[PDB]
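The structure file data-v6.tsv is reproduced below (TSV, C-alpha atoms).
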chain	number	residue	atom	x	y	z
A	580	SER	CA	19.71	41.76	58.65
A	581	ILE	CA	19.26	45.25	57.19
A	582	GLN	CA	22.49	46.83	55.88
A	583	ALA	CA	23.70	50.42	55.95
A	584	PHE	CA	25.38	51.50	52.70
A	585	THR	CA	27.61	54.46	51.98
A	586	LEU	CA	26.68	56.83	49.17
A	587	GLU	CA	29.85	55.62	47.42
A	588	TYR	CA	28.70	52.00	47.56
A	589	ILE	CA	25.37	53.03	46.03
A	590	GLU	CA	27.26	54.91	43.32
A	591	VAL	CA	29.16	51.79	42.22
A	592	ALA	CA	26.12	49.53	42.68
A	593	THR	CA	23.96	51.71	40.42
A	594	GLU	CA	26.86	52.68	38.10
A	595	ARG	CA	26.28	56.44	38.47
A	596	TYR	CA	22.49	55.90	38.68
A	597	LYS	CA	22.47	54.99	35.00
A	598	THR	CA	19.42	52.70	34.77
A	599	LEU	CA	16.14	54.29	35.86
A	600	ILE	CA	13.09	52.11	36.55
A	601	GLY	CA	10.59	54.81	37.47
A	602	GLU	CA	9.58	57.46	39.98
A	603	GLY	CA	7.77	56.94	43.26
A	604	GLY	CA	6.70	58.68	46.44
A	605	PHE	CA	10.16	58.50	47.99
A	606	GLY	CA	11.75	59.46	44.64
A	607	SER	CA	13.29	57.89	41.55
A	608	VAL	CA	14.12	54.17	41.54
A	609	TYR	CA	17.29	52.90	39.84
A	610	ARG	CA	18.53	49.39	39.10
A	611	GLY	CA	21.62	48.21	40.93
A	612	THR	CA	23.79	45.27	41.92
A	613	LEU	CA	25.35	44.58	45.31
A	614	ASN	CA	28.85	43.17	45.89
A	615	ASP	CA	27.34	39.69	46.33
A	616	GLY	CA	25.67	39.97	42.90
A	617	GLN	CA	22.17	40.52	44.29
A	618	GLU	CA	20.03	42.60	41.93
A	619	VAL	CA	18.42	45.53	43.72
A	620	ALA	CA	15.99	48.37	43.16
A	621	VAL	CA	17.48	51.60	44.53
A	622	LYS	CA	15.00	54.28	45.64
A	623	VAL	CA	16.53	57.73	46.10
A	624	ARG	CA	15.41	60.98	47.73
A	625	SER	CA	12.46	63.00	46.41
A	626	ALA	CA	12.39	66.55	47.79
A	627	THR	CA	8.64	66.62	48.50
A	628	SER	CA	8.65	63.23	50.30
A	629	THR	CA	11.72	63.90	52.45
A	630	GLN	CA	12.48	66.06	55.45
A	631	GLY	CA	15.49	65.18	57.56
A	632	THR	CA	17.35	62.60	59.61
A	633	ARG	CA	14.81	62.32	62.44
A	634	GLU	CA	11.82	61.73	60.16
A	635	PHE	CA	13.67	59.17	58.01
A	636	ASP	CA	14.63	57.30	61.20
A	637	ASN	CA	11.09	56.30	62.21
A	638	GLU	CA	10.20	55.36	58.63
A	639	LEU	CA	13.35	53.20	58.62
A	640	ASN	CA	12.46	51.48	61.91
A	641	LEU	CA	9.01	50.68	60.53
A	642	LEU	CA	10.14	49.29	57.16
A	643	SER	CA	12.78	47.11	58.83
A	644	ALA	CA	10.21	45.49	61.14
A	645	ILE	CA	7.71	44.75	58.35
A	646	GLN	CA	8.53	41.15	57.36
A	647	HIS	CA	6.17	38.95	55.37
A	648	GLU	CA	6.47	36.60	52.41
A	649	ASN	CA	4.05	38.73	50.34
A	650	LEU	CA	5.76	42.10	51.02
A	651	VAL	CA	8.94	43.26	49.30
A	652	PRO	CA	11.54	43.28	52.10
A	653	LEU	CA	13.78	46.26	52.79
A	654	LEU	CA	17.39	45.14	52.23
A	655	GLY	CA	19.27	48.29	53.16
A	656	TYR	CA	19.43	52.05	53.37
A	657	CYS	CA	21.71	55.02	52.83
A	658	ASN	CA	21.49	58.34	54.67
A	659	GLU	CA	24.62	60.31	53.86
A	660	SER	CA	25.36	63.78	52.45
A	661	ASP	CA	21.62	64.64	52.52
A	662	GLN	CA	20.74	61.70	50.24
A	663	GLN	CA	18.08	59.33	51.63
A	664	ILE	CA	18.11	55.97	49.84
A	665	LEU	CA	16.12	52.76	50.29
A	666	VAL	CA	17.36	49.48	48.80
A	667	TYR	CA	14.97	46.64	47.88
A	668	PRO	CA	15.47	43.32	46.06
A	669	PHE	CA	14.84	43.50	42.34
A	670	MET	CA	11.65	41.63	41.37
A	671	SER	CA	12.55	40.09	38.03
A	672	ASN	CA	9.00	39.45	36.79
A	673	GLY	CA	7.89	43.09	37.18
A	674	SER	CA	4.50	44.33	38.32
A	675	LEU	CA	1.08	42.75	38.01
A	676	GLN	CA	0.07	45.75	35.92
A	677	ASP	CA	2.78	44.89	33.37
A	678	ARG	CA	1.59	41.27	33.17
A	679	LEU	CA	-2.09	42.21	32.76
A	680	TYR	CA	-1.91	44.92	30.11
A	681	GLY	CA	1.70	46.11	29.81
A	682	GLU	CA	4.38	44.94	27.41
A	683	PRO	CA	4.72	41.34	28.74
A	684	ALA	CA	0.97	40.87	28.27
A	685	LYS	CA	1.57	41.33	24.54
A	686	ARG	CA	3.90	38.30	24.51
A	687	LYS	CA	2.14	35.97	26.97
A	688	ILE	CA	-1.10	35.67	28.93
A	689	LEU	CA	-1.30	35.43	32.72
A	690	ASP	CA	-3.48	32.39	33.26
A	691	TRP	CA	-6.31	32.50	35.76
A	692	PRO	CA	-4.81	30.13	38.41
A	693	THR	CA	-1.68	32.31	38.55
A	694	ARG	CA	-3.91	35.42	38.73
A	695	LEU	CA	-5.89	33.98	41.63
A	696	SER	CA	-2.71	33.01	43.49
A	697	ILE	CA	-1.42	36.56	42.98
A	698	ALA	CA	-4.61	38.06	44.39
A	699	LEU	CA	-4.41	35.82	47.46
A	700	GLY	CA	-0.76	36.65	48.12
A	701	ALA	CA	-1.33	40.38	47.67
A	702	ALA	CA	-4.32	40.18	50.02
A	703	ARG	CA	-2.15	38.35	52.58
A	704	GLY	CA	0.51	41.05	52.44
A	705	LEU	CA	-2.11	43.78	52.90
A	706	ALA	CA	-3.76	41.88	55.80
A	707	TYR	CA	-0.36	41.60	57.49
A	708	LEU	CA	-0.04	45.38	57.21
A	709	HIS	CA	-3.53	46.02	58.60
A	710	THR	CA	-2.90	43.68	61.56
A	711	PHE	CA	0.71	44.77	62.17
A	712	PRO	CA	1.41	44.46	65.93
A	713	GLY	CA	1.30	47.73	67.82
A	714	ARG	CA	-0.14	49.92	65.08
A	715	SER	CA	-1.89	49.05	61.83
A	716	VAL	CA	-0.04	50.22	58.72
A	717	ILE	CA	-2.15	51.68	55.91
A	718	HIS	CA	-0.56	51.29	52.48
A	719	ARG	CA	-2.53	54.29	51.06
A	720	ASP	CA	-1.57	53.72	47.39
A	721	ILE	CA	-2.66	50.17	46.56
A	722	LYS	CA	-2.70	49.52	42.81
A	723	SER	CA	-1.57	46.89	40.34
A	724	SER	CA	1.80	48.53	39.67
A	725	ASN	CA	2.54	48.12	43.40
A	726	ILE	CA	2.06	44.35	43.27
A	727	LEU	CA	5.42	42.95	42.16
A	728	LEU	CA	6.20	39.39	41.13
A	729	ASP	CA	9.24	37.29	42.02
A	730	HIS	CA	10.79	34.54	39.87
A	731	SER	CA	8.10	32.02	40.88
A	732	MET	CA	5.33	34.60	40.23
A	733	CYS	CA	4.53	34.98	43.93
A	734	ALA	CA	3.03	38.40	44.68
A	735	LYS	CA	4.81	40.96	46.85
A	736	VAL	CA	3.14	44.26	47.76
A	737	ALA	CA	5.65	47.04	47.25
A	738	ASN	CA	6.28	50.73	47.70
A	739	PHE	CA	5.57	51.92	51.23
A	740	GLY	CA	6.67	55.52	50.63
A	741	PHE	CA	3.06	56.58	51.16
A	742	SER	CA	2.54	54.01	53.94
A	743	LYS	CA	1.96	55.14	57.52
A	744	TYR	CA	0.68	53.88	60.85
A	745	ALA	CA	-3.13	54.01	60.96
A	754	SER	CA	-4.56	67.90	54.94
A	755	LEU	CA	-6.93	67.47	51.99
A	756	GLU	CA	-5.02	67.06	48.73
A	757	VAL	CA	-4.55	64.65	45.85
A	758	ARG	CA	-4.02	61.17	47.28
A	759	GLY	CA	-3.96	57.61	46.00
A	760	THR	CA	-3.82	57.01	42.27
A	761	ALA	CA	-6.55	57.97	39.76
A	762	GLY	CA	-8.98	55.05	39.57
A	763	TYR	CA	-8.17	53.60	43.02
A	764	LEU	CA	-8.99	56.35	45.54
A	765	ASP	CA	-11.58	55.68	48.26
A	766	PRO	CA	-14.71	57.50	46.97
A	767	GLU	CA	-15.40	58.79	50.49
A	768	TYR	CA	-11.98	60.41	51.00
A	769	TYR	CA	-13.00	63.99	50.28
A	770	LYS	CA	-15.95	63.53	52.66
A	771	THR	CA	-13.96	61.96	55.54
A	772	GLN	CA	-10.52	63.57	54.93
A	773	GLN	CA	-8.89	60.32	56.11
A	774	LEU	CA	-7.60	57.15	54.48
A	775	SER	CA	-8.15	54.03	56.56
A	776	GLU	CA	-7.81	50.27	56.23
A	777	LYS	CA	-11.12	50.36	54.37
A	778	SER	CA	-9.67	52.83	51.87
A	779	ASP	CA	-6.97	50.24	51.14
A	780	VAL	CA	-9.75	47.63	50.75
A	781	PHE	CA	-11.51	49.75	48.11
A	782	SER	CA	-8.28	50.08	46.10
A	783	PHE	CA	-7.76	46.32	46.32
A	784	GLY	CA	-11.28	45.85	44.94
A	785	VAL	CA	-10.18	47.72	41.82
A	786	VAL	CA	-7.09	45.49	41.59
A	787	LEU	CA	-9.37	42.42	41.70
A	788	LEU	CA	-11.36	43.81	38.75
A	789	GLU	CA	-8.10	44.40	36.85
A	790	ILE	CA	-7.14	40.79	37.53
A	791	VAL	CA	-10.53	39.50	36.35
A	792	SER	CA	-10.94	41.80	33.32
A	793	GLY	CA	-7.39	42.39	32.10
A	794	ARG	CA	-8.26	46.12	31.84
A	795	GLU	CA	-6.72	49.22	33.43
A	796	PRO	CA	-8.99	51.20	35.79
A	797	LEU	CA	-9.38	54.26	33.53
A	798	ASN	CA	-9.13	54.41	29.74
A	799	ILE	CA	-10.55	57.30	27.71
A	800	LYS	CA	-9.66	55.40	24.50
A	801	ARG	CA	-12.45	52.89	25.22
A	802	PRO	CA	-16.08	53.77	24.43
A	803	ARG	CA	-17.46	56.23	26.96
A	804	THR	CA	-19.56	53.54	28.68
A	805	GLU	CA	-16.30	51.63	29.21
A	806	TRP	CA	-14.09	54.55	30.37
A	807	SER	CA	-14.14	53.45	34.02
A	808	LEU	CA	-13.55	49.79	34.94
A	809	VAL	CA	-15.52	49.95	38.19
A	810	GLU	CA	-18.54	51.75	36.75
A	811	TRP	CA	-18.53	49.55	33.63
A	812	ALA	CA	-18.16	46.19	35.38
A	813	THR	CA	-20.44	46.70	38.42
A	814	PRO	CA	-23.80	46.33	36.56
A	815	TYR	CA	-22.68	43.08	34.90
A	816	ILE	CA	-21.58	41.68	38.25
A	817	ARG	CA	-24.89	42.62	39.86
A	818	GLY	CA	-26.79	41.30	36.83
A	819	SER	CA	-25.24	37.81	37.03
A	820	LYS	CA	-23.45	38.43	33.71
A	821	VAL	CA	-19.90	38.04	34.96
A	822	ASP	CA	-18.57	36.40	31.80
A	823	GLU	CA	-19.09	39.74	30.02
A	824	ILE	CA	-16.27	41.37	32.05
A	825	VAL	CA	-13.78	38.47	32.17
A	826	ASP	CA	-10.52	38.95	30.29
A	827	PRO	CA	-10.93	37.20	26.89
A	828	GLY	CA	-7.49	35.64	27.35
A	829	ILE	CA	-8.71	33.57	30.32
A	830	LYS	CA	-12.24	32.79	29.13
A	831	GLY	CA	-12.77	29.10	29.65
A	832	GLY	CA	-9.76	28.81	31.95
A	833	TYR	CA	-11.60	29.39	35.21
A	834	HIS	CA	-13.85	27.40	37.53
A	835	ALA	CA	-17.23	29.16	37.46
A	836	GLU	CA	-17.61	29.22	41.25
A	837	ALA	CA	-14.06	30.44	41.86
A	838	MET	CA	-14.68	33.41	39.53
A	839	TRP	CA	-18.12	34.26	40.98
A	840	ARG	CA	-16.75	34.36	44.53
A	841	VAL	CA	-13.81	36.55	43.42
A	842	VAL	CA	-16.10	39.14	41.79
A	843	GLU	CA	-18.51	38.96	44.76
A	844	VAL	CA	-15.54	39.88	46.98
A	845	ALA	CA	-14.50	42.64	44.59
A	846	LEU	CA	-18.03	44.07	44.64
A	847	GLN	CA	-18.04	44.27	48.44
A	848	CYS	CA	-14.60	45.92	48.43
A	849	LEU	CA	-16.04	48.53	46.03
A	850	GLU	CA	-19.00	49.45	48.27
A	851	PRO	CA	-19.19	53.29	48.30
A	852	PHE	CA	-19.42	53.47	52.11
A	853	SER	CA	-16.50	52.13	54.12
A	854	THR	CA	-18.34	50.17	56.83
A	855	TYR	CA	-19.84	47.78	54.22
A	856	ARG	CA	-16.45	46.69	52.90
A	857	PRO	CA	-14.88	43.51	54.29
A	858	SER	CA	-11.67	43.44	56.26
A	859	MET	CA	-8.53	42.21	54.53
A	860	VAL	CA	-8.58	39.17	56.86
A	861	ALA	CA	-12.06	38.30	55.56
A	862	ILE	CA	-10.92	38.84	51.97
A	863	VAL	CA	-8.01	36.43	52.47
A	864	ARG	CA	-10.38	33.69	53.69
A	865	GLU	CA	-12.68	34.13	50.67
A	866	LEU	CA	-9.78	34.06	48.21
A	867	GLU	CA	-8.34	30.98	49.95
A	868	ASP	CA	-11.64	29.12	49.46
A	869	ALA	CA	-11.80	30.34	45.86
A	870	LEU	CA	-8.27	29.06	45.22
A	871	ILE	CA	-9.14	25.63	46.65
A	872	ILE	CA	-12.22	25.46	44.41
A	873	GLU	CA	-10.14	26.42	41.37
A	874	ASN	CA	-7.50	23.81	42.23
A	875	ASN	CA	-10.25	21.16	42.38
A	876	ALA	CA	-11.49	21.92	38.85
A	877	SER	CA	-9.95	18.57	37.90
Target encoding structure tokens, full file:
Amino acid sequence: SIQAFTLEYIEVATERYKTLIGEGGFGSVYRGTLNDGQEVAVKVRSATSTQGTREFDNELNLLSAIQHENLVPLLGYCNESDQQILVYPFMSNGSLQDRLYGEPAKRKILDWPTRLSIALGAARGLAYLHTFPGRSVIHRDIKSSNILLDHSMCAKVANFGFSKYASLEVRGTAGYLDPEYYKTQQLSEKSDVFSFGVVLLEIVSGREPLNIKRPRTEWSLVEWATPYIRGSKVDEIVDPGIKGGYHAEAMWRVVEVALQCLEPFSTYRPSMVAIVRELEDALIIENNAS
């Protein structure tokens, strides 16, 4: 069950917050270790994404109830001396972003069967959120750095600081934001589906969504890849490191799904439940490339 921690316990566990992993919605994340030796990621208070005890209480009740094999589980929390802290298990294989085009991608290549299994698991975690009993939970910042990988490379969707049960400002992450958002002023399940479509193109192509260091025609992954997909020239966008390591039909159905996720108008995008079923069939096909 979820554990309450004192601010002192978190101080020892993080060793004076020495080891910083990054910054998120809820705040900065530090690496820690519990008394039982469990490695944890410790997310501490950010001023802009915090209010008080009452607001943190509903967020805490939500995160505790969200349980699924493809979501990072909440292990514990600290609310003491005005510090709001969330404690998650440490995912030792990092993010999908790191494995595609970060530092680990320099040393080793994520093969296509592992990539397809990661897409399916991430889609299953997102579908669980969209069908959460009582009230659908929108992630609202889906992206490849928010898909973490455990020791067996199973995907776990992370980082629900922006999540909420289903004002105009900057939202999402550059490259992933629903193209209708400034016309609707709302993020919905179908906004999450658009962002997941970008993730699928990252998985297929090995490329980040935006890169001004590429030639101008290649600056944007979505805009670059869409004409090849529609022109039955999918091999032109596939990551060179996995060329020849994929079953043709498995790859075609994955990019077909990505293309529907990327539809500019929300009602044409599939549900996450429909995306799971397509990726499941694609994974079967790939496994039968004997």
Can you work out which one of A:786, A:872, A:861, A:803 has the shortest atom-to-atom distance to residue A:676, counting only C-alpha atoms?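 With only C-alpha atoms as the atom set, the closest residue is A:786.
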Dump as a tab-separated table the rows for residues of stretch 647-732 of chain A within 9 Å of stretch 764-770 of chain A: closest atom pair and distance in Å with one decimal, all atoms listed in the file counted, ordered by chain and rising residue number.
residue	atom	partner	partner_atom	distance
A:719	CA	A:764	CA	8.7
A:720	CA	A:764	CA	8.1
A:721	CA	A:764	CA	8.9
Given the choices A:677, A:646, A:685, A:624, which gets closest to residue A:711 if the distance is worked out from all atoms listed in the file?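 The answer is A:646, which sits nearest to residue A:711.
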Nearest to residue A:652, chosen from A:712, A:681, A:668, A:762, with only C-alpha atoms counted in the distances: A:668
Nearest residue to residue A:651 from the set A:800, A:735, A:758, A:864 (distances using only C-alpha atoms):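 Smallest distance to residue A:651 is found for A:735.
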Contacts of residue A:812 at 10 Å (only C-alpha atoms; same-chain gap of 2+ positions) as a JSON list (two decimals) with C-alpha atoms, in the frame of the given file:
[["chain", "number", "residue", "atom", "x", "y", "z"],
["A", 788, "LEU", "CA", -11.36, 43.81, 38.75],
["A", 792, "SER", "CA", -10.94, 41.80, 33.32],
["A", 805, "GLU", "CA", -16.30, 51.63, 29.21],
["A", 807, "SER", "CA", -14.14, 53.45, 34.02],
["A", 808, "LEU", "CA", -13.55, 49.79, 34.94],
["A", 809, "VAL", "CA", -15.52, 49.95, 38.19],
["A", 810, "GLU", "CA", -18.54, 51.75, 36.75],
["A", 814, "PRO", "CA", -23.80, 46.33, 36.56],
["A", 815, "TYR", "CA", -22.68, 43.08, 34.90],
["A", 816, "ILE", "CA", -21.58, 41.68, 38.25],
["A", 817, "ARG", "CA", -24.89, 42.62, 39.86],
["A", 820, "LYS", "CA", -23.45, 38.43, 33.71],
["A", 821, "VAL", "CA", -19.90, 38.04, 34.96],
["A", 823, "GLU", "CA", -19.09, 39.74, 30.02],
["A", 824, "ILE", "CA", -16.27, 41.37, 32.05],
["A", 825, "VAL", "CA", -13.78, 38.47, 32.17],
["A", 842, "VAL", "CA", -16.10, 39.14, 41.79],
["A", 846, "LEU", "CA", -18.03, 44.07, 44.64]]
Report as JSON lines: every residue of stretch 620-708 of chain A with an atom at most 12 Å from stretch 586-599 of chain A, its closest pair of atoms, and their distance in Å to one decimal, counting all atoms listed in the file, with rows sorted by chain and ascending residue number.
{"residue": "A:620", "atom": "CA", "partner": "A:593", "partner_atom": "CA", "distance": 9.1}
{"residue": "A:621", "atom": "CA", "partner": "A:593", "partner_atom": "CA", "distance": 7.7}
{"residue": "A:622", "atom": "CA", "partner": "A:599", "partner_atom": "CA", "distance": 9.8}
{"residue": "A:623", "atom": "CA", "partner": "A:596", "partner_atom": "CA", "distance": 9.7}
{"residue": "A:655", "atom": "CA", "partner": "A:589", "partner_atom": "CA", "distance": 10.5}
{"residue": "A:656", "atom": "CA", "partner": "A:589", "partner_atom": "CA", "distance": 9.5}
{"residue": "A:657", "atom": "CA", "partner": "A:586", "partner_atom": "CA", "distance": 6.4}
{"residue": "A:658", "atom": "CA", "partner": "A:586", "partner_atom": "CA", "distance": 7.7}
{"residue": "A:659", "atom": "CA", "partner": "A:586", "partner_atom": "CA", "distance": 6.2}
{"residue": "A:660", "atom": "CA", "partner": "A:586", "partner_atom": "CA", "distance": 7.8}
{"residue": "A:661", "atom": "CA", "partner": "A:586", "partner_atom": "CA", "distance": 9.9}
{"residue": "A:662", "atom": "CA", "partner": "A:586", "partner_atom": "CA", "distance": 7.8}
{"residue": "A:663", "atom": "CA", "partner": "A:586", "partner_atom": "CA", "distance": 9.3}
{"residue": "A:664", "atom": "CA", "partner": "A:586", "partner_atom": "CA", "distance": 8.6}
{"residue": "A:665", "atom": "CA", "partner": "A:589", "partner_atom": "CA", "distance": 10.2}
{"residue": "A:666", "atom": "CA", "partner": "A:589", "partner_atom": "CA", "distance": 9.2}
Coordinates-based distance that separates atom CA of residue A:619 from atom CA of residue A:605 (Å, one decimal): 16.0 Å
Using all atoms listed in the file, which of the listed residues (A:794, A:867, A:740, A:827) sits closest to residue A:844?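 Smallest distance to residue A:844 is found for A:867.
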Nearest residue to residue A:734 from the set A:686, A:703, A:801, A:714 (distances using only C-alpha atoms):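 Comparing A:686, A:703, A:801, A:714 against residue A:734, the winner is A:703.
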So that all listed atoms of stretch 741-760 of chain A fit with 5 Å spare on each side, what axis-aligned box centre and edge lengths in Å, to one decimal, would you give as lines of an AutoDock Vina configuration file?
center_x = -1.9
center_y = 60.9
center_z = 51.6
size_x = 20.0
size_y = 24.0
size_z = 28.7
How many Å separate atom CA of residue A:653 from atom CA of residue A:581? 7.1 Å
As an exercise, work out the distance from atom CA of residue A:667 to atom CA of residue A:680 in Å and give it to one decimal place.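 Separation of atom CA of residue A:667 and atom CA of residue A:680: 24.6 Å.
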Counting all atoms listed in the file, which residues sit no farther than 12 Å from the position (-5.9, 55.0, 45.6) in the file's frame? I'd like them as a ChimeraX atom specification. /A:717-725,741-742,757-768,774-786,796
Which residues come within 8 Å of residue A:698, counting all atoms listed in the file, excluding same-chain residues fewer than 3 positions away, as a PDB file with C-alpha atoms, keeping the file's coordinate frame?
ATOM      1  CA  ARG A 694      -3.910  35.420  38.730  1.00  0.00           C
ATOM      2  CA  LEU A 695      -5.890  33.980  41.630  1.00  0.00           C
ATOM      3  CA  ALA A 701      -1.330  40.380  47.670  1.00  0.00           C
ATOM      4  CA  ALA A 702      -4.320  40.180  50.020  1.00  0.00           C
ATOM      5  CA  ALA A 734       3.030  38.400  44.680  1.00  0.00           C
ATOM      6  CA  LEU A 787      -9.370  42.420  41.700  1.00  0.00           C
ATOM      7  CA  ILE A 790      -7.140  40.790  37.530  1.00  0.00           C
ATOM      8  CA  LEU A 866      -9.780  34.060  48.210  1.00  0.00           C
TER       9      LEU A 866
END
